Amino acid sequence: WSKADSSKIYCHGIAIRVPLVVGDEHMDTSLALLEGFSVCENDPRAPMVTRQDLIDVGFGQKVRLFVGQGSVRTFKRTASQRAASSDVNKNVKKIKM
Amino acid sequence: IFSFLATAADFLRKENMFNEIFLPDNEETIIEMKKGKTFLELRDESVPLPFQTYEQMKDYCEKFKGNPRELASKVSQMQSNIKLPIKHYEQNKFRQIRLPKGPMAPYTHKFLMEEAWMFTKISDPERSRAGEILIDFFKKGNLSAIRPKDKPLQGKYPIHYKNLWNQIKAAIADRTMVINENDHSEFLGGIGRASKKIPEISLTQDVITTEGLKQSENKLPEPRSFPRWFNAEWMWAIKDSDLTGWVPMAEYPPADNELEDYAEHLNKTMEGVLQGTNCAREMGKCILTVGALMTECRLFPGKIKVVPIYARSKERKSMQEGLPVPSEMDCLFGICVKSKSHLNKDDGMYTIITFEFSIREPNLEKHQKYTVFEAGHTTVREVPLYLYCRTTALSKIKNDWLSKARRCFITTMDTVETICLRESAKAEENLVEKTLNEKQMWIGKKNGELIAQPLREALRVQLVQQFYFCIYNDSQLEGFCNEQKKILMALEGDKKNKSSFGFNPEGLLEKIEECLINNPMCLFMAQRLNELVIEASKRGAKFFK
Amino acid sequence: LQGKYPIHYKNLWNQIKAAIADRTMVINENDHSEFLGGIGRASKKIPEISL
Amino acid sequence: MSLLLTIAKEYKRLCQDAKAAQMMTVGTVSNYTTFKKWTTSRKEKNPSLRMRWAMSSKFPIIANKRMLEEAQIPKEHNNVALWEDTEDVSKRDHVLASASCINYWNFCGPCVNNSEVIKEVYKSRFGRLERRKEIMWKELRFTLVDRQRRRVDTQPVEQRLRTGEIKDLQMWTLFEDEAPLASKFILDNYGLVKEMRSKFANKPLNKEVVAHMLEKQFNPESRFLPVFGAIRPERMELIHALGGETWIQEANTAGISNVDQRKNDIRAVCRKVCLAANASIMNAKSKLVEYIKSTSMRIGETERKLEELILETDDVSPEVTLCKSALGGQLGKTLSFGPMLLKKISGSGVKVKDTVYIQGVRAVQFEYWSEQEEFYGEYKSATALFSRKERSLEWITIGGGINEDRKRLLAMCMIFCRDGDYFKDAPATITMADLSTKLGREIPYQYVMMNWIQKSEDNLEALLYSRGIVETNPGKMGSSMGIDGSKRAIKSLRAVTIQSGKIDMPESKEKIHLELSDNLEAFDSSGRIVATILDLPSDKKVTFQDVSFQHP
Amino acid sequence: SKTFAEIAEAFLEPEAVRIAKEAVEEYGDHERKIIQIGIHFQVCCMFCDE
Amino acid sequence: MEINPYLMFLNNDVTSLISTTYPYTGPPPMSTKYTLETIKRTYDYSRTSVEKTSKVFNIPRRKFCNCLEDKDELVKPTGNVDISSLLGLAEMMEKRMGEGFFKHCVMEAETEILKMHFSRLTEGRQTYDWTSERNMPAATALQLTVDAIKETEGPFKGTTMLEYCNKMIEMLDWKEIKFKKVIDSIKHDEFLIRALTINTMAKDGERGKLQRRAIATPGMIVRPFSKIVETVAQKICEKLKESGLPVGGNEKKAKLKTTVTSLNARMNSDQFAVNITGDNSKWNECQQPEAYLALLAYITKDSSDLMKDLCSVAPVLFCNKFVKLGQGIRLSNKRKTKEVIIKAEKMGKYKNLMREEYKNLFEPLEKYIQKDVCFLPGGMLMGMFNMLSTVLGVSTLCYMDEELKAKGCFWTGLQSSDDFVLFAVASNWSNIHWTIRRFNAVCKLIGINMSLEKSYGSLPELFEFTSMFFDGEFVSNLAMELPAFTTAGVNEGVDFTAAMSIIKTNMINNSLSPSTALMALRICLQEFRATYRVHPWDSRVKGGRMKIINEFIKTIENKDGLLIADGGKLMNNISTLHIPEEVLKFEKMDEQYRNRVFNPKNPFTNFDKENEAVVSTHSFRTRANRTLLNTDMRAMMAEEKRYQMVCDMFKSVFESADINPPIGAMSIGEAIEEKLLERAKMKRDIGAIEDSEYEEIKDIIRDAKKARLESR
RNA sequence: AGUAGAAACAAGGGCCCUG
């Protein structure tokens, strides 16, 4: 592995993609935490914080946040393992019968 | 679900499709143009004749079927009531062009080229501006030795010109290139000439009947004849001028490959050949004088100034013998004066005045507008002296373009390099110097025979042609040069036995002869085109004598 | 840090590693080696009789 | 800080107004863009003229004021003015000045600590310079050139991307604080972003300029130009200094930019996976998609996913086409019949059935198109323009430079049009075994004859003989082709025209969404086939470097 | 671009695109509705989640 | 001796020297008489006299479509059309290209018209405002129209083109309209006439055809429908090969070359080909919008019921357009001392004190005339519809019949706007003539005439098309682009790189030779040095800049790294035209000089936004005009200043607004407030801020929010 | 006076300013 590409692991030439949930001394931004967060139902009770304090939250907690421009949302530090490639194709093949 | 929806919404908002149109609810699923009342009233009124409502037209077009037979019948019918003429040039030849008749077309360029006399001196790098050189030449006493008389050989308003010259000398003596507003300058400057407006709200019939206020009767230009002095200028602008470096040019960059070496070599040859002619000094004169005039018009408007007509050059290079490292020279052909160039808008006009020096008596036909005076004598031995004086005007556009008079070099280099490279490629060998020193080009006629000389010396003709195009440019020359291409293409077709044809050549000749008025270049080139077709009739068809 | 024709050397090193991977020490493509060998001297030649 | 408080006070003052409040309250933020246009709108016809007319003045330039005071920029340094206190009408916070001021700043103004960051901002042009310096020029010669027109790329670029993948990249590197939600391209390409960020972080810079330069660093400038010789971006960027219509400056530029190697490796991988999936019989589609998504490769330093590169490249090969079809990737209207290339110019048609007897009596269906159509064709160092009409090759013109290529192209064209008697009565040499179905997968007689030609040269000679032969009429001697591929002869083939000078490749900025079958044959809203698995080399062994086949 | 289907293919799976396309063809409605339907369909898919 | 340069045309070709004729090395040359003559020719070319009466305006409406009369001198122009033949030609073209073609194109168009934002109307040439009745840019006209809508009924919440069009439609049925001014209101009829109004501009920037000496400038109620029609027409034309309007340069050359090869390959041994160079006349005076309406209806037959209504707007609007008479006549006395000025609306009064020509040309057009406008119910104008006319024309070159094949005759070619090329083939001249007459007839049936003087023919390989003469080779005129070898007039950094890029493009396409390129480079360099009042250091020139130049020059040690605008020499050539000087000298500038020239904190640098150049102190912006300072055009500047303040504040908050357009559901105030609070917290946590400052900021922000929400 | 073209200029705004 290398400090340049901290998101890969090379074993016997094969490559492995490590998720981005936590950031060690090398990783130096919120980019390494985004695969640990996700969107959820908006909750005005949760606090509003920055993109730097985003690391001091607890796994499973909620927090409001500002995104891009003129947009506020609510995030939760819980990930979703799957991607749409399988959940659609399978359910489709179950329709041609 | 929420993550997917967030991504989708961001994308849509980025594509401007996050609206009811693409994301409607159950009800708002019927989008339609809000057809009002007036728009429909009009649409049902702009319909073609047989129909009277857009519905009928839509029903006729949506169901229209093809019936080739009626189409072919209408085609033939229209093809019979037309009778389009077709005229092969070989049978219907081109007559000659009928030039207008009347007096001769006189000189029009602001500055003199052939009749111009100049005083020269050595240039010091410290004193390089115009307002300085005009004084340097003034101290030695020749510029002040001049003293014309009240009796002019030709022209009008000589008293105004004389007083203006005296005021110019006085101002030069005061080290201030400025002039006061008197009656003379006011007249020869049109300072009060602009008309006084009269509103209509304040108008009445009695006022009109008092002083006739009819619609202005535009007095279009009047015709002219063929000028016989153009060939003289053309032949004079082909010879050397005893100096070079008339037109400033930048430096040559380094080189690394054969290509840049070839380019630099050829460019050096051409530039050295061209910088020695007379047309070149006129180009440099125009460049520098127009630059100075533009600067003045920008800085000192509403003020009559004094600007010289000058140029900078370098004496030719003799052998190492004698005095080496030849020096530079500042030359002065005459004086120029502006008049309140309040250029409120492009295309405007600011009158100027031209005092030039010559040693050649005038001609009534050519130097018609000038007002010459007998000044005195000057050395070389002693010879008489004349003072050509006139009045004219300019604008921003002519200034900007005259200052950019180095394009002729580009055009000529293009033509020459093209010819040489074409001749070199057909044989796959470096044939450039040979093509420049050997390949002959027709130039003109003498004693009823043709004349030829190598391209190396014929470049000057094309250069002068481009310069004149830059000088006498107008709408007339534009239309002419735009309508002459047909004749050249027909000529080429004749050279290659291509049976050309046309629909109405007489109309083409009419269009051509329509734009030939009081512009020397058009007349000269038209006569030369007639002579061309004549000389080719000895070798080609499609032309009448 | 200091050099003249770095790109040639880099591509040539990549080609060397590729060749070693192929178990053959040979190098088929001849663009960089040719250049770096001809930088000293390379040109055409005209016969004296054609002069 | 205090600046923040000033911004707050200004916002308050502005909200105190009614119109500003109405506009900052109504609608969304996008309205800003609109508001950005209604202001500062003024153009000029001939800026050259006005530039000479203005620079002739005393103070033709505007500039900031506080920046000058802080910089200690004086006025009337050596009796020459630099500026004077005034207020431009538009800005209201700028002051007139002269061009001399620009020198005064350059010669005795404030100096920054370092400025090598520029080399990164404009990396593309320094790369141009370096590539130029590593060239070994050669002699110059004069001759005529066969310059063919075509669409190509002029800017060498690594990791060519789309526009949507850039508008985001320009944020996470420069203006991160206002960054949108993370897109997949980011999560996948993390190291890339980290690299681009390490250089432009904690630096004094104008960011708009950086974004523009990055757009250029990721844009291959595609142009339709005349071209001669090899086709590589490294050359097209300076083609102006290599040769024209009448001259050529020889120079070797082969060992630079290492571009085409990536493309040939990609195509080899595509061929490999296509063959692998073809080994299947009922799921080659899903097998191929899995092989795709289960694979990666390295580009320079970074590792990229295959399916991501495939949707960014433009290699019109019968392999890339299949993959881009499986992934639902749209593409251009370009055909492929074996090694050759094809493109339709005009015409139409529809499929039709016909049969031929292989040996004695053995009926085999083969199809053709029932209409007139015109096609451009491009084989190695050879071009052609032909027309098909109801199972016949009406006419054809060629502008190549080789006899062998000129014969092979002609034969493949004749086949593509089913012209000749062989398609009416096949030869004895062919049999039912060579017909089709290596293991069950059928084969149309077209590709059958294709491989039959590629097998032996004498099959090709016989096929050419199938085309009419006549005596070379007078005058047409130059525009004639023998059996060997000679520009002239005493007897030449029928309905053929030759000429010196390649054909200008057509152009069309169109896209189509096609599909494919379970047999790896793509269709385009019609019975026409654009690609298949029979048009590629049979097989070959290669050792791929810096690749990841994470699949059993 | 150049068609709503290519657009929908940017963030949707081409399978659901084809599905919603065949659906609008069944009802013969304006193809500008390819998007909404595909979205709904994809939601249903990811709602099953196997 | 007598001189004649044309003599070189004997021992040499004509194309390789035709550039010598073009007088593009000099300045080119620059009402109501022109407009009145145009109106007259338009009403004449319509060869009929049928008329109706408009219930709306109560004005005679000359109808010229399918009403042909006066079949004499048909060689002359005619503006009457037979819709049947037009639809037949369209059907034949569709048949050639295949089915589902027009539908596919209208679909591709609808794919864009719907998502388009209504702010893309700011880009384009000037337009005619309908409030001040003058020609302003498009941005200001759109601003004024929106402001009027808002002040009348309420702000326009729309954000796309369709809503703006529907709003325009509604505004054509109102009864009282408001708008800003030093706050006049108007009625329905007056606003209607003032909207259908059209103005003229005398720009004609390009020399081209001297006959072109004007161009149209419609209002703002006609721009979006025109854009829709042009979009569909473009989507159609691009598919065709017999058109060369959208493409430029090498594309049409390749088209012509492929066409010639196809021709020479198709014709048998008993056939011979022919070429023609055509230049249609009165193009913008014979094309009729009624035929365009019928054609668009035939096209939009299988598509949605929405496009059928949009495309049908601009045609009827051009069928009911009004024209604007400019400046009126001028009166004067004999000595010309005094001079009276008069406007159009008055010419009907002093019609006796004018030249007999104006009277004969004006009195006939006195019923069609209203106040300073004429009701032209048809015809066309320049620049309005170019691609649609090209489509209408290409429909002819696609024609075919049984008679043409009974004789083995067929034609093809390539046409752009009012400029085409024809390729006829046959076995004998007697049939060539018949074919050409047939082509002329079919073109006459749709108002497409032909100029008999400017048009000529010859054997196959000799013709011209758009100032490009064609033979075995291709002759780059090389004078069409001569003005481009000039400093643009933007700043110092840029013009030089722009000129080098232009030279490169010429060398690549127009076959510009090397030495010519070097000469042009040196010339542009000299003009650059002269324009900006700068010269080298080694020179002896005196002046403002050169003074301080020579003063501080001592601090330098390597002038080879200097810039041209700072007393630098030229370091660039053919092999370095694709490289700016700033990059070519970076490795030799004095370490002090590089650091100073390339600083981001400059009081001069401004960005303009192709722009293949480097940024530095030399990338400045010019002063702004001040003539308006005296004119009372200041009230309009107020709203512009307001918008500018808002935009620059928003940008002060969100630094990236300009390189990633903003989006979201918040307004501007909401985002501003939230971001300010976020930054305040982010700093107070670690950065140099006190609780007092944070609380003060928060109080100010909440008070501003309260005021914003309370004002309205 | 003059310019140039197929119409415009030969200062314009308020005693003061300006392209």
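Residue numbers (the deposited numbering), protein chains in the order written: chain A, 676 to 772; chain B, 153 to 532, 543 to 707; chain C, 305 to 355; chain D, 1 to 552; chain E, 2 to 51; chain F, 1 to 30, 35 to 186, 211 to 637, 652 to 754. A virtual CB, placed ideally from N, CA and C, is assigned to each residue, including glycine.
Assigned secondary structure, residue i (DSSP; H/G/I helix, E/B strand, else coil)
{"i": "B:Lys466", "result": "strand"}
{"i": "B:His529", "result": "strand"}
{"i": "A:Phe741", "result": "strand"}
{"i": "D:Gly468", "result": "coil"}
{"i": "F:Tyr22", "result": "coil"}
{"i": "D:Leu161", "result": "coil"}
{"i": "D:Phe544", "result": "coil"}
{"i": "D:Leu516", "result": "strand"}
Cβ neighbour criterion (16 or more within 10 Å) applied to residue i
{"i": "D:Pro204", "result": "exposed"}
{"i": "B:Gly424", "result": "exposed"}
{"i": "D:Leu439", "result": "exposed"}
{"i": "F:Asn414", "result": "buried"}
{"i": "B:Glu222", "result": "exposed"}
{"i": "A:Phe741", "result": "buried"}
{"i": "B:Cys684", "result": "buried"}
{"i": "A:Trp676", "result": "exposed"}
Residues bridged to residue i (per DSSP)
{"i": "D:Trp247", "result": "D:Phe142"}
{"i": "B:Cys488", "result": "B:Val459 and B:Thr506"}
For the 8 Å Cβ check, are there 3 or more pairs between the stretch 129-139 of chain D and the stretch 190-207 of chain D? no
Take every Cβ of the stretch 424-431 of chain F, pair it with every Cβ of the stretch 393-402 of chain F, and state whether three or more of those distances are shorter than 8 Å. no
Could you name each continuous alpha helix (DSSP H) segment of 4 residues or more that falls completely within the stretch 315-359 of chain F, going from the start of the chain to the end? 317-327, 335-338 and 341-347
Is the stretch 553-561 of chain B in contact with the stretch 431-451 of chain B, if contact means three or more CB pairs nearer than 8 Å? yes
Give the list of continuous beta strand (DSSP E) stretches no shorter than 3 residues that lie fully inside the stretch 178-242 of chain D. 222-227
Would the stretch 219-230 of chain F count as touching the stretch 340-357 of chain F if we require 3 or more Cβ pairs under 8 Å? yes
The stretch 326-344 of chain F touching the stretch 250-267 of chain F, judged by at least three CB pairs closer than 8 Å: yes
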